[PDB]
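Heads up: the structure comes next, in structure tokens.
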Amino acid sequence: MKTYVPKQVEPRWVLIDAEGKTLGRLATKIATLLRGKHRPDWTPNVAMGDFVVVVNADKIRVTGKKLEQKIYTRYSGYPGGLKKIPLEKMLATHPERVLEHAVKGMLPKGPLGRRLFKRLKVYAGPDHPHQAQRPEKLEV
Amino acid sequence: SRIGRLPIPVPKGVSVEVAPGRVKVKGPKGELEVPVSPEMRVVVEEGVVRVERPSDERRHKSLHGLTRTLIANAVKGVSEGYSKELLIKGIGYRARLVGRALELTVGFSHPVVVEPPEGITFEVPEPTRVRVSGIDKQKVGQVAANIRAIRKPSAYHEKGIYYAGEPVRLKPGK
Amino acid sequence: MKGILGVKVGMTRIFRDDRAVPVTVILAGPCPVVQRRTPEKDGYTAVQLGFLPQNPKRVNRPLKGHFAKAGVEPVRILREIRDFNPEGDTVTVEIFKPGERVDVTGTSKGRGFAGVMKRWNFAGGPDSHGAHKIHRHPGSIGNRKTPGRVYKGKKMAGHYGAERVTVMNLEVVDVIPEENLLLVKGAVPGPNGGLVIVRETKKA
Amino acid sequence: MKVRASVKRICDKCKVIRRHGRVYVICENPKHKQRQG
RNA sequence: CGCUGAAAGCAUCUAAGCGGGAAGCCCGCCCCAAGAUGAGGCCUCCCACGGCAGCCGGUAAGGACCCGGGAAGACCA
RNA sequence: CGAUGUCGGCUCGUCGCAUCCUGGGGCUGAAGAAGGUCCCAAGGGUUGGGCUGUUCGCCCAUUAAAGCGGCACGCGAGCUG
Ligand SMILES: [Mg+2]
Ligand SMILES: [Mg+2]
Ligand SMILES: [Mg+2]
Ligand SMILES: [Mg+2]
Ligand SMILES: [Mg+2]
Ligand SMILES: [Mg+2]
Ligand SMILES: [Mg+2]
Ligand SMILES: [Mg+2]
Ligand SMILES: [Mg+2]
Ligand SMILES: [Mg+2]
Ligand SMILES: [Mg+2]
Ligand SMILES: [Mg+2]
Ligand SMILES: [Mg+2]
Ligand SMILES: [Mg+2]
Ligand SMILES: [Mg+2]
Ligand SMILES: [Mg+2]
Ligand SMILES: [Mg+2]
Ligand SMILES: [Mg+2]
Ligand SMILES: [Mg+2]
Ligand SMILES: [Mg+2]
Ligand SMILES: [Mg+2]
Ligand SMILES: [Mg+2]
Ligand SMILES: [Mg+2]
Ligand SMILES: [Mg+2]
Ligand SMILES: [Mg+2]
Ligand SMILES: [Mg+2]
Ligand SMILES: [Mg+2]
Ligand SMILES: [Mg+2]
Ligand SMILES: [Mg+2]
Ligand SMILES: [Mg+2]
Ligand SMILES: [Mg+2]
Ligand SMILES: [Mg+2]
Ligand SMILES: [Mg+2]
Ligand SMILES: [Mg+2]
Ligand SMILES: [Mg+2]
Ligand SMILES: [Mg+2]
Ligand SMILES: [Mg+2]
Ligand SMILES: [Mg+2]
Ligand SMILES: [Mg+2]
Ligand SMILES: [Mg+2]
Ligand SMILES: [Mg+2]
Ligand SMILES: [Mg+2]
Ligand SMILES: [Mg+2]
Ligand SMILES: [Mg+2]
Ligand SMILES: [Mg+2]
Ligand SMILES: [Mg+2]
Ligand SMILES: [Mg+2]
Ligand SMILES: [Mg+2]
Ligand SMILES: [Mg+2]
Ligand SMILES: [Mg+2]
Ligand SMILES: [Mg+2]
Ligand SMILES: [Mg+2]
Ligand SMILES: [Mg+2]
Ligand SMILES: [Mg+2]
Ligand SMILES: [Mg+2]
Ligand SMILES: [Mg+2]
Ligand SMILES: [Mg+2]
Ligand SMILES: [Mg+2]
Ligand SMILES: [Mg+2]
Ligand SMILES: [Mg+2]
Ligand SMILES: [Mg+2]
Ligand SMILES: [Mg+2]
Ligand SMILES: [Mg+2]
Ligand SMILES: [Mg+2]
Ligand SMILES: [Mg+2]
Ligand SMILES: [Mg+2]
Ligand SMILES: [Mg+2]
Ligand SMILES: [Mg+2]
Ligand SMILES: [Mg+2]
Ligand SMILES: [Mg+2]
Ligand SMILES: [Mg+2]
Ligand SMILES: [Mg+2]
Ligand SMILES: [Mg+2]
Ligand SMILES: [Mg+2]
Ligand SMILES: [Mg+2]
Ligand SMILES: [Mg+2]
Ligand SMILES: [Mg+2]
Ligand SMILES: [Mg+2]
Ligand SMILES: [Mg+2]
Ligand SMILES: [Mg+2]
Ligand SMILES: [Mg+2]
Ligand SMILES: [Zn+2]
């Protein structure tokens, strides 16, 4: 007997409210959903996890003094091109990127991992534009 | 040996209503909202407000005295109000009231007009005394600190803007 | 913000209060409003100006449909002025008065492939004392094994000019509405006959 | 302000305080101000 | 450097909270920039053509080729 | 060691900050002006000559200042020699 390999499946669209949840502990669950490891037919070499919609991403929570002391960093390739953005400022300017970054770092590197990241749709504020997909509300 | 335990006399007629995280104090001179830690409990009694803490841990012991004083400062502010007095010293130095604003001539090449924030009143009884008054104790002391900072007391001469009661301490020169 | 499209016509000097004032002459208007950008429709505010009438027998259909929806004759250039909403339907030199300061944008003259000395004002090499075929060369471009590479943005030979350049805070010396003429004190990018944009200065 | 690794009371008017993660010595005598560093 | 302020009846810029404060930091100015594959937006133009998410051919709006040139340019653009 | 060209200069930079200048400060045996000392700060700036191969240093005339270090004592498939 060979191990079961699934034929392609309709993905499950899912909706998660970010308000009040801790940044890192929410991200690990989203990553699990994107990989589809909650699914009994999980297969490592095809994209078969959920599509994850997240709202209220600007209301994510964080412990200690991370609002001031967590620094995001970007290197432009130029001399002096290291930019340091504190978490506070990122929330004030591109708040959806806090969760996106946290999740992306928890997905595998490579073509499949980049594909899985596109299946995550993060929104600040309580609304998302994906009624047509009828996302299933999740409590995590 | 405790400010938090000390009950707060409430003069009639001042009303102290409690809400989660805040205490609202209304009196003859205005209202003040006091933000209060949700770990503390503020209790209304007959002509008395009291604050209680839920343990003997350092943080609760620290918030206990703070919360009592802030509530008491609000009770005083709406009934008595607060004021601070500034003495201007030095030959040419003087103040006057331009409208309800304060104009200081204190040795610069120009005057210094200070606009009153909401809830602050300026008075100039004599040209060398300035009164700052309002219901908010923290604000009164802040505006007063700002006006003193225009021209601080000199290290060598009785010249500058002084708190009333501030001791004049000088250094010799030559 | 207010602006107008123009043509650089030439340079001369005038006499003002017994002073010779170098000027660039610019033929600016008249500029029809061809489209307006609104926050509801486009997400920002600007006016699309037209300039220089064109032979309709040179204007293809999608452009013609664009003009006609505006009730505008066929024009040679369309450019937008950001954050400008003129009341009329035609922008002319009269939006500027003498004494105002303006920013002027044009396409600078094209040096083509330019050496390090012309493009970056490098010092080049000695012309005697043994200098060997490096009189106009850049010298070293780096270090050694650390970092073993050349920085991004390293100044090197290459194309230079024929690029957008803004010169800021130029005094308007005169306005001649009869001939749609703006006189601006000083130098303005590009050749005579080049397209320019004149805007109210951003320098306070 | 004296910035040193050994911050100590210099006179009996000196008060050792901890302020925003640092040790300071404040005193009515300005020479006695210290910050650990 | 302060305001207000406990723990610590006083005091304390701090433990709750608020203010002031550098040529430096973020933005503002200028230039590039949607291969930003996350490939964005707006205006306008053509139209659902024949024959066996495919192929084949004729077209549309458009474009390219070629030619006269250009303060554009090594060729290219 | 079946080769990793070695001083100094020129050219071209870029970085560190234990900061020479400029900006912000506390203390002064800080009257003022000018200094001294320490703290914050690397954004920019940091001259031209005489001597000597010199690096350095001394000297001349200035300067807000004429900083110190790293990059194979940066840089010879870039030049000099
Ligand atoms: Mg789960
Ligand atoms: Mg595996
Ligand atoms: Mg956290
Ligand atoms: Mg955003
Ligand atoms: Mg990863
Ligand atoms: Mg790996
Ligand atoms: Mg009562
Ligand atoms: Mg009780
Ligand atoms: Mg002296
Ligand atoms: Mg142009
Ligand atoms: Mg050329
Ligand atoms: Mg050259
Ligand atoms: Mg040159
Ligand atoms: Mg040049
Ligand atoms: Mg030279
Ligand atoms: Mg020479
Ligand atoms: Mg030369
Ligand atoms: Mg030779
Ligand atoms: Mg030779
Ligand atoms: Mg030669
Ligand atoms: Mg070279
Ligand atoms: Mg390397
Ligand atoms: Mg070009
Ligand atoms: Mg004139
Ligand atoms: Mg020309
Ligand atoms: Mg002692
Ligand atoms: Mg004391
Ligand atoms: Mg004090
Ligand atoms: Mg106090
Ligand atoms: Mg005590
Ligand atoms: Mg605090
Ligand atoms: Mg503040
Ligand atoms: Mg502050
Ligand atoms: Mg102040
Ligand atoms: Mg400046
Ligand atoms: Mg552009
Ligand atoms: Mg695109
Ligand atoms: Mg674009
Ligand atoms: Mg990307
Ligand atoms: Mg597009
Ligand atoms: Mg055709
Ligand atoms: Mg040609
Ligand atoms: Mg060819
Ligand atoms: Mg060897
Ligand atoms: Mg060999
Ligand atoms: Mg070998
Ligand atoms: Mg060899
Ligand atoms: Mg260096
Ligand atoms: Mg330092
Ligand atoms: Mg220095
Ligand atoms: Mg200074
Ligand atoms: Mg003296
Ligand atoms: Mg002095
Ligand atoms: Mg000093
Ligand atoms: Mg210090
Ligand atoms: Mg110090
Ligand atoms: Mg610097
Ligand atoms: Mg730098
Ligand atoms: Mg430097
Ligand atoms: Mg010298
Ligand atoms: Mg000589
Ligand atoms: Mg000689
Ligand atoms: Mg010499
Ligand atoms: Mg020498
Ligand atoms: Mg020597
Ligand atoms: Mg000697
Ligand atoms: Mg001098
Ligand atoms: Mg100086
Ligand atoms: Mg070195
Ligand atoms: Mg060595
Ligand atoms: Mg050696
Ligand atoms: Mg070397
Ligand atoms: Mg050296
Ligand atoms: Mg070398
Ligand atoms: Mg050689
Ligand atoms: Mg050499
Ligand atoms: Mg080499
Ligand atoms: Mg070599
Ligand atoms: Mg080489
Ligand atoms: Mg020799
Ligand atoms: Mg020889
Ligand atoms: Zn002391």
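Keep in mind that the numbers below use all heavy atoms, side chains included, and drop hydrogens, waters and symmetry copies. Chain letters run A, B, ... following the sequence lines, proteins first and then strands; every chain starts at 1.
Minimum heavy-atom separation, B:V143 to B:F122: CG1-CE2, 3.6 Å. Shown here for B:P11 and B:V75, the closest heavy-atom pair between the two residues is CD-CG1, 3.7 Å. C:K152 and A:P79 get closest at one heavy-atom pair: O-CD, 3.6 Å. Shown here for B:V42 and B:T67, the closest heavy-atom pair between the two residues is CG2-CG2, 4.4 Å. Closest heavy-atom contact between B:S154 and B:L170: O-CD2, 3.7 Å. For the residue pair C:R36 and C:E87, the shortest heavy atom distance occurs at NH2-O, 4.1 Å.
Atom CZ of B:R131 has more than 12 heavy atoms from other residues, nucleotides or ligands within 6.0 Å. Residue A:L82 qualifies as enclosed at atom CG: its count of foreign heavy atoms under 6.0 Å is above 12. Other residues, nucleotides and ligands contribute at most 12 non-hydrogen atoms within 6.0 Å of the CZ atom of B:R41. For C:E163, the CD atom sits in a packed shell: over 12 heavy atoms of surrounding residues, nucleotides or ligands are nearer than 6.0 Å. More than 12 non-hydrogen atoms from other residues, nucleotides or ligands lie less than 6.0 angstrom from CZ of B:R2. Within a 6.0 Å sphere centred on NZ of C:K154, heavy atoms belonging to other residues, nucleotides or ligands number more than 12. The environment of NZ in A:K59 is sparse: at most 12 heavy-atom neighbours from other residues, nucleotides or ligands sit within 6.0 Å. At most 12 heavy atoms of other shown residues, nucleotides or ligands fall within 6.0 angstrom of atom CZ in A:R25.
In this structure, the side chain of C:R101 engages the main chain of C:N169 through a donor-acceptor pair within 3.5 Å. For the pair D:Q34 (side chain) and D:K8 (backbone), a donor-acceptor distance under 3.5 Å is present. Put simply, the side chain of A:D17 never gets that close to the backbone of A:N56: no donor and acceptor are under 3.5 Å apart. Side-chain N or O atoms of C:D42 include none that pairs as donor or acceptor with a backbone N or O of C:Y44 at under 3.5 Å. When atom types are taken as modelled, the side chain of C:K2 and the backbone of C:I95 share a donor-acceptor pair closer than 3.5 angstrom. In terms of modelled atom types and a separation under 3.5 Å, the side chain of A:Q131 and the main chain of A:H128 share a donor-acceptor contact. For B:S79 (side chain) and B:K76 (main-chain N/O), a donor-acceptor pair under 3.5 Å exists by modelled atom type. Panel note: side chain C:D17, backbone C:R19; no donor-acceptor pair is recorded below 3.5 Å. In this structure, the side chain of C:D103 engages the main chain of C:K202 through a donor-acceptor pair within 3.5 Å. Checked by atom type and distance alone, the side chain of C:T24 pairs as donor or acceptor with a backbone atom of C:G186 at under 3.5 Å.
Contact check for B:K139 versus B:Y82: no side-chain heavy atoms found under the 4.5 Å cut-off. Inter-residue side-chain proximity for B:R68 and B:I8 is flagged as met; some heavy-atom pair is nearer than 4.5 Å. Contact check for B:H60 versus B:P54: side-chain heavy atoms found under the 4.5 Å cut-off. A:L33 has its side chain within reach of A:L138: a pair of non-hydrogen atoms, C-beta onward, lies under 4.5 Å apart. A 4.5 Å side-chain heavy-atom check between D:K2 and D:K31 finds at least one atom pair inside the cut-off. Under the 4.5 Å side-chain criterion, counting only non-hydrogen atoms from C-beta, B:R96 is not in contact with B:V124. Side-chain contact between C:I197 and C:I81 is present, with at least one heavy-atom pair separated by less than 4.5 Å. Residues C:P86 and C:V33 are in side-chain contact: their nearest non-hydrogen atoms beyond the backbone lie under 4.5 Å apart.
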Between B:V14 and B:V25, is the side chain to side chain contact (heavy atoms under 4.5 Å, CB included) condition met? List the steps. CA-CA 7 Å; B:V14 176; B:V25 175; 3.7 Å; yes
Side chain to side chain contact (heavy atoms under 4.5 Å, CB included) for C:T201 and C:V102? Distances and angles first, verdict last. CA-CA 4 Å; C:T201 180; C:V102 291; 5.6 Å; no
Side chain to side chain contact (heavy atoms under 4.5 Å, CB included) between B:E17 and B:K26, intermediate numbers included: CA-CA 9 Å; B:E17 51 173 297; B:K26 315 204 218 73; 3.0 Å; yes
Test side chain to side chain contact (heavy atoms under 4.5 Å, CB included) applied to A:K29 and A:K21, step by step: CA-CA 12 Å; A:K29 311 194 177 72; A:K21 292 158 172 283; over 6 Å; no
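The CD atom of C:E200 sits 13.5 Å away from atom CD1 of C:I4, with the distance rounded to the nearest 0.5 Å. Atom NZ of residue B:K84 and atom NZ of residue B:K137 lie 8.5 Å apart, to the nearest 0.5 angstrom. The distance from the CZ atom of C:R79 to the CG atom of C:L5 is 8.0 Å, given to the nearest 0.5 Å. A distance of 6.5 Å separates CG in B:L97 from CG in B:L102, rounded to the nearest 0.5 Å. For the atom pair CD (B:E103) and CZ (B:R94), the distance works out to 10.5 Å, reported to the nearest 0.5 Å. Going from atom NE2 of B:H64 over to atom OG of B:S37 covers 11.0 Å, rounded to the nearest 0.5 Å.
For the pair A:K137 and A:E139, the salt-bridge criterion is met [side-chain N within less than 4.0 Å of a carboxylate O]. Using a 4.0 Å cut-off between a side-chain N of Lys or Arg and a carboxylate O of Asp or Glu, B:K89 and B:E166 do not qualify as a salt bridge. Between B:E126 and B:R129, at least one side-chain nitrogen of the basic residue sits less than 4.0 Å from a carboxylate oxygen of the acidic one, meeting the salt-bridge criterion.
Annotation: cation-pi geometry satisfied between A:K70 and A:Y72 (NZ/CZ under 6.0 angstrom from ring centroid, within 45° of ring axis).
Evaluation of the salt bridge (charged side-chain N to carboxylate O under 4.0 Å, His left out) rule for B:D56 yields B:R53 as partners, not counting sequence neighbours.
A donor atom on one side chain and an acceptor atom on the other are found under 3.5 Å apart for A:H130 and A:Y123.
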